[PDB]
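Below, chains carry the letters A, B, ... as their sequence lines are ordered, and counting in each starts from 1.
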Amino acid sequence: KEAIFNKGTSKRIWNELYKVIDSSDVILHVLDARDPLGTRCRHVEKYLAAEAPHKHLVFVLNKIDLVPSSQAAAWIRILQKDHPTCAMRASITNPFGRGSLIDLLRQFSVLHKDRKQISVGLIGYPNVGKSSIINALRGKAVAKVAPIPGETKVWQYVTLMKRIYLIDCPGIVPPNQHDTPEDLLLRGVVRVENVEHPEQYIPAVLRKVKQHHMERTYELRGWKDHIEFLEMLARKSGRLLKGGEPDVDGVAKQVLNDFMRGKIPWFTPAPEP
Amino acid sequence: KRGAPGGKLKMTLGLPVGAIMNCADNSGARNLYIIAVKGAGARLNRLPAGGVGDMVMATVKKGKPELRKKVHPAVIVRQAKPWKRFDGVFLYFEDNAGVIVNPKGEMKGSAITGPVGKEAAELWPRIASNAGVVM
Amino acid sequence: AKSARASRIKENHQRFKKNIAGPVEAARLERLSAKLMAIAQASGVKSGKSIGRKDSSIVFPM
Amino acid sequence: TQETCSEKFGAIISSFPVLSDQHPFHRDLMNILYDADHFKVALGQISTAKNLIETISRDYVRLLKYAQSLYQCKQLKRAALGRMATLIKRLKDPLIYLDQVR
Amino acid sequence: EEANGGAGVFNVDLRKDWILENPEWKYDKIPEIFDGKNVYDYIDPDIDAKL
Amino acid sequence: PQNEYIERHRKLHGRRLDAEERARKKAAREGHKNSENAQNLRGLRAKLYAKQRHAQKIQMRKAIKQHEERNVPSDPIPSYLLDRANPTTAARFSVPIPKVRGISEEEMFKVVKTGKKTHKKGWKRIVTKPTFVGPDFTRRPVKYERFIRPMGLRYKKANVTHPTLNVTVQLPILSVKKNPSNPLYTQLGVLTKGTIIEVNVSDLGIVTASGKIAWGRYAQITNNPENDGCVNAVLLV
Amino acid sequence: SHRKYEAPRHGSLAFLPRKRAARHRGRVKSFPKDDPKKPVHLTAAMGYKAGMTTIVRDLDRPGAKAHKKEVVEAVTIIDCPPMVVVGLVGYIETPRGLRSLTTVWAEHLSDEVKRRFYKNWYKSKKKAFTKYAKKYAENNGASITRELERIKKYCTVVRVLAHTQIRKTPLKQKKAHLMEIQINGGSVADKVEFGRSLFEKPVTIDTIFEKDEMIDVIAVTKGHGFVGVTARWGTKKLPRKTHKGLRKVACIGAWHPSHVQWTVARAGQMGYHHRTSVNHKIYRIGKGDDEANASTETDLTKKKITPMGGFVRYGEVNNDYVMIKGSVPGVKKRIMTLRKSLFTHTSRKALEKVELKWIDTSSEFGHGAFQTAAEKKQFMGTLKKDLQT
RNA sequence: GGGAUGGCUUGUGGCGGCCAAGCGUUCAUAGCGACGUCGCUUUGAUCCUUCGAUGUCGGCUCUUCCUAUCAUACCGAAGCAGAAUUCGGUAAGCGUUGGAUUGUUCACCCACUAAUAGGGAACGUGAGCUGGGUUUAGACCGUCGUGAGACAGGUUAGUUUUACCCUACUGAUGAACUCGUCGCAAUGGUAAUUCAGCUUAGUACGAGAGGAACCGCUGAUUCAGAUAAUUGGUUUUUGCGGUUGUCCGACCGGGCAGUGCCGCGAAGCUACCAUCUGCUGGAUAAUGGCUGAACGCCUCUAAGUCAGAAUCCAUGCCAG
RNA sequence: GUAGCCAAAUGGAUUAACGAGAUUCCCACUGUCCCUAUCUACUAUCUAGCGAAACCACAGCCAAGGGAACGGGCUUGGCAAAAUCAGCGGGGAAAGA
RNA sequence: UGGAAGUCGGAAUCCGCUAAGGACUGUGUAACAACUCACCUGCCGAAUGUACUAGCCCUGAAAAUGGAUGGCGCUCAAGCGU
Ligand SMILES: Nc1nc2c(ncn2[C@@H]2O[C@H](COP(=O)(O)OP(=O)(O)OP(=O)(O)O)[C@@H](O)[C@H]2O)c(=O)[nH]1
Ligand SMILES: [Mg+2]
Ligand SMILES: [Mg+2]
């Protein structure tokens, strides 16, 4: 197995995580709206339920602009049975849910007015939008934001108000023995530039995305399998090697990057009640 | 038993670790990427290398996806580097090529395209049975 | 592996020398000696039979 | 020390047959020749000792990160080795039983 | 082979089972090269009539 | 082969012809061999051999004494308590350890250096001994955290022994009452030798004269937790 | 601290110092042990390296993959004109080693061996051994007789003095090579009588050595001059544009002693080293007067061992020659010392008999394709200068 | 202006109780106490609990040493049938590799292999080369401060540049003894290594599955020393030929473009990219014995003595 | 909502072009490497002429000991033979250190 | 106990005949048998056995360039005690 799929499981990253947990009173667990139960960290939830009941865990469903509003409301309804959930589109210029999240943090600070301040640490998978949430709450680009996973390598304090601190943390991936490298790559753990044979994960993308969405995305139709799809995409876009041979590897890397970066429409439907 | 064959005279090793050679049988693979050589020694900084008739450990880079994610034993049957046989003849083929086998030496495929080398033919009796030209 | 200086290897080589290579080298030496025989054959004081004296020190000088 | 203990205990655990995976004839034959409960309890004690040795090693490495002198480091090392030795010492009877079974 | 040194020592005679017109020719040194020419390329059973 | 095949071969064919004689001669040479080992082994092998021989000699002396002596519970317990494994069971209000070694602040604290320059600030202090941080503990932020109590040095349970009952139970630590070296060490919760701690004694089965259940008592730490990796305490009764 | 990855040492300490040889002619350090039950024989000989060529051999090696097949092998030709025996040295045993008691010379010595005793022979009066030659005539050789009796009754090791006939070689050198050759076998009296019988006589190479024998070759290697560590010891080159040099050793020292070790690879003299290489098989001893000595039983081309156009930088081989499988320590024109093997052989390769099928006599001055000039003319045909002549 | 713990360490926990040969005490029957023992620290599971850089490491090249031995040699024991091993002993002669991974204490994985053992000579401060701790001057973000600025921090770019001296080392000459030829050998160095195949033999052994070994033979790995017949490489052989631009009026024959460029190219040098070669005696260690006392049995040991490891010392080999 | 409603086509900062800015990857390419070899010019080399400087208490082979963890001079050993040339970078010297 | 006879186990462990002999110290059998030990007698022939104490000697842990009772060397000392 490639060493890139072990990213997010490092001793340094988990030392950073436990440092943030020990230093934080409120823990914002950030979920991808396209895969909430996929991005949920029941490992950290079990640790918080077992060892630190005094720390307040709050769900933040980020990237709700990439999913239908009905599915977002259903996922909020599912998660609010366990923990208080806030939907948010993290952006400096055009945010959503910023006022509700600010009000909830102000309520927590009012509850802990005996302290000098409260600390709110952000946890989740890589590339779920933790730095974007901090930047959107501050209204100013204070934390680095990139579509490349693992942009945040160390923890960082940002002073939100006089009594509210925000703690940015690197993204963690808890180890699961039923998790596959294809599952991790589709969740967004790794960079597809550093993976070998990207073509094999294209059937997973074609399963997750409806066919007509791919048709309007790439203005292409008539493929019977992923190899033909990548070949016609390479010939259309001009991704050719020496002799006009298609650049199927590079086209697959482009498709995987567009799938992760919210350019091809896909979501996981909420389970019906 | 390991894949290194006995009774093999010394010849020039033309394929070090990292070489991509053609896949000369019909197993489904188009090329083999060499990651190791059976019977290689131990020197600092020296890449392991193989010649015609050697068993190597190979990875399929182009071919069927079923063959893609495994390491296969392969036998080098053709090489481009010129080597000498005991009758004084230096010779070489126009490409480097090998066939996928099992650790005992039975072939994965059913037929061989192109000729095979003599050294491969004596050292592996299944390749001698599946070769149309021995050359 | 057994080294070159191994006692069992030495005994193996001694048996080989005594039983196998020995007679062959002896016959060759006999033939060469015979050939070089073919090539080679192809008062006491006043006669030199009594070996007289020819015409740093170990002691202290005295 | 923990790596050596884990290697030996894992070899013992993986080498013995798994009664849940056997054919009914072989499983019931081992249940007749050997007590199946005793067999499973002995191997469970082996696995428990292996896990506890790993836990003790992790705890004492974490303490040795903060140890400040050679005397304190030596006391922590001897403490870890003695606790692992005590864990092995409580396994006197399962090892004899498993050697006879082997 | 066992009576004559064993495997790896015994030297087999390949010309013993040759079938020739005269068995005295079974251990001849057959000429192969003569003045830059292959003798086998010039071997012809009806050489006398052509000569 | 199957079942006891070496014993069956033993029945059918026996030993080698010199097996008994060689074994007898080896058993005879054992005395010379043991003295040669006692005089010629070197180092750790010799030390282990000496301790083993000492143990065998003591065991042999005990066996001989028992054989010479062959020709010649304690506390009253009811019938349902007979044949079970039971403990042996053996003003100035002074603790068992009234005085310990004093620990200076230079030994207690090490300086954590901060800054990117060659000259670095030194205001942060790190506690080098085990601590009890209490429940509902949230760490101070790094800009206002002077005293660093690392997570791997924090403890929550202790092996507390009751002297009268001779029972040692692992009990949760409730608080740190008095560290003998410094009230700052008491405030930081440092667990050292001679420290008076408050322990949860619910598992010990202690009731008061009024019938109320006593679930908090005082124990004294009787070891060095930084050297031992564990907290051992004795109840003050 | 310890070196992280183990690696075997570059070069051997058995061949130190890597300095020039003290003498151009190779020294026989040891002779085979003397067995008095053997008949008297000579243990060494000299020749001149002429060059190399190719053969085809019908291999009879049971157990090998090339058994009953033809193998192409490289061989070295040594031109061996017969030596002349001119002297006899007696050696005694002392608690300080072997000691030369006396030596006896022949009545007549050649000019080429008298040249060895001079540096300016052309200006010389050539008086060497002239007063010695009168000892054979005075008193019927009484002094010669008493020296022979002294060797007979006091000595244990007898060596002849033998020199080469360098005038039969194409070399421009006229000064011959003189060496001591031990007489092994027999009693000391037999050795003395044998040497006196061999005085002033030529000894050919085929009465000292025989085909299928494995011998030792002693010679001085090709000189390379002053050579850096990379070629001299085989060290790994430093990366490209390394400061202060890349064909160097990065650390001659990094530890105590505060010194440079004798075991550290350093630049210096490479080549011109004295070497004794053992176990070389003789494939043919060809005769000088035989005109078809490069012919075999299956190659009926009647030709000599000299390649077409001659040996490059040597000339023609006109005397008896020895064909040796493989390579020898020296170079062309160089004196070679052939010696008997010190011990009885332990291989089947020494017991193998050689059957040559063909010997390459094509030109080594290029890509020669013809074995004889008649073959070249037969392939080419009639040329313009043929009709012009 | 002033500076830059150590005959330490190793393999076996701590606290509390009990027992305890013994030391003591036997006007007090207390107190120390090895060996032990007892209490605390999942029916082969779970995988939904990774718990703090103030202390900084590396890589290359290359040499040597230690043994606390992974492999190779020999040996002792084990239900060790065989095969494969496990535990231990003598042993450092000889080896101990190739890679992926920096969203990071770079340590874990993968394969080849006989095996991929661990350390020192720095790290008890410290000029061979080069990446990180690491930090002059430029700049940005985060935290703190009203601010100059400082830092919990994160990112980016950034000047030390010997050797011709002494010694050591590697090579090369040399006065004195007339010049030269042939020698000896004190002393110093020292070298080979591992695997596979054939036969034994589908035999011993085994219910079956399977499955050896000594003797003999043939190759290969790693190392070492040479060599250039052949095959590749290299071309100022500017040897021959082709070709662009320009110049000598054209042709011929040439110049220039620092070897104009290109094809072949002898010779020389070179490459496990080519070929050849690498050798035998004595004494031992662990152990296994013979004879035989101590000690009327017994005993490989005490006197005497046999055999035995890749070990030691030499020969073969290099210097002289 | 497998893609809705409301707003004057769009719902954007996931901002195009530009860059001796920093980073990852693919094809091609190759002496970066396996694993080194060869050729040319200028040096280095030797000669004629010309001709400095840095630096310099005195000097220069090691081993063990020399309490103040330091020896080059002391003690005890090993040893130890004129005068030299080309190189090397261990040590001493040597960084406007 | 399938079998268990002193000798796979659990618990008892007595008497007779005795010169003396365990409800057995080991080897052995499927169990027996058989051998052996504890103990006794005959032969022999004069001093021994056990446990401690004090001297001297060996072991009672060692790394890494080649070296140190100062060096040679020393064994009824040129070591140790008077
Ligand atoms: N469509 C959409 N994209 C978002 C939103 N929030 C964040 N993103 C994108 O998600 C990407 C990854 O999130 P980040 O801002 O890097 O935060 P993160 O989850 O901590 O990622 P890491 O720092 O790598 O761990 C960013 O490039 C944003 O552009 C959102 O609300 N909607
Ligand atoms: Mg982030
Ligand atoms: Mg990111």
Less than 4.0 angstrom from a charged side-chain N to a carboxylate O is my criterion; do [X] and [Y] meet it?
| X | Y | value |
| --- | --- | --- |
| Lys357(G) | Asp299(G) | no |
| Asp95(B) | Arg78(B) | yes |
| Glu352(G) | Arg61(G) | yes |

Within 45° of the six-membered ring axis of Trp358(G) and under 6.0 Å from that ring's centre, is NZ or CZ of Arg57(G) located there?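 Pair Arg57(G)/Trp358(G) does not count as cation-pi.
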Answer yes or no for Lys332(G) and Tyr314(G): cation-pi contact, defined as NZ/CZ to six-membered ring centre under 6.0 Å and angle to ring axis within 45°.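 Judged by the rule (NZ or CZ under 6.0 Å from the ring centre, within 45° of its axis), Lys332(G) is not positioned above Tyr314(G).
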Do the side chains of [Y] and [X] get nearer than 4.5 Å, heavy atoms only?
| X | Y | answer |
| --- | --- | --- |
| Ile33(E) | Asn38(E) | yes |
| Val354(G) | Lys211(G) | yes |
| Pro246(A) | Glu231(A) | yes |
| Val75(B) | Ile100(B) | no |
| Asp35(E) | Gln371(G) | no |
| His72(B) | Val60(B) | yes |
| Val56(B) | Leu15(B) | no |

State whether a side-chain donor-acceptor pair under 3.5 Å links [X] with [Y].
| X | Y | answer |
| --- | --- | --- |
| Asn279(G) | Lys325(G) | no |
| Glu119(B) | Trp83(B) | yes |
| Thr298(G) | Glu32(E) | no |
| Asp216(G) | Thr276(G) | no |
| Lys108(B) | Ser27(B) | no |

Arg348(G) (side chain) donor-acceptor with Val9(E) (main chain) under 3.5 angstrom: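 The answer is no, because no donor-acceptor pair under 3.5 Å joins these two groups.
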Is there a donor-acceptor pair under 3.5 Å between the side chain of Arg18(G) and the backbone N or O of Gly268(G)? no
Any idea how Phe370(G) and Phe379(G) line up, ring-wise: parallel (<30°), tilted (30 to 60°), or perpendicular (>60°)? tilted
Return yes when atom CZ of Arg239(A) has more than 12 non-hydrogen atoms of other residues, nucleotides or ligands closer than 6.0 Å, and no otherwise.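 Atom CZ in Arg239(A) is not packed in, count stays at 12 or less.
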May I ask you to check whether over 12 heavy atoms, not counting those of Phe10(E), lie within 6.0 Å of atom CZ?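 Result for CZ/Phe10(E): enclosed.
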Could you pull out every donor-acceptor pair under 3.5 Å between side chains of residues 126-135 of chain B and any protein atom, sequence neighbours left out?
| from | atom 1 | to | atom 2 | distance (Å) |
| --- | --- | --- | --- | --- |
| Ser129(B) | OG | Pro125(B) | O | 2.8 |
| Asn130(B) | ND2 | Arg126(B) | O | 3.1 |

Stepwise, does the salt bridge (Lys or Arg N to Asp or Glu O under 4.0 Å) test hold for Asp60(G) with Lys68(G)? CA-CA 6 Å; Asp60(G) 286 330; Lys68(G) 309 294 189 183; 3.4 Å; yes
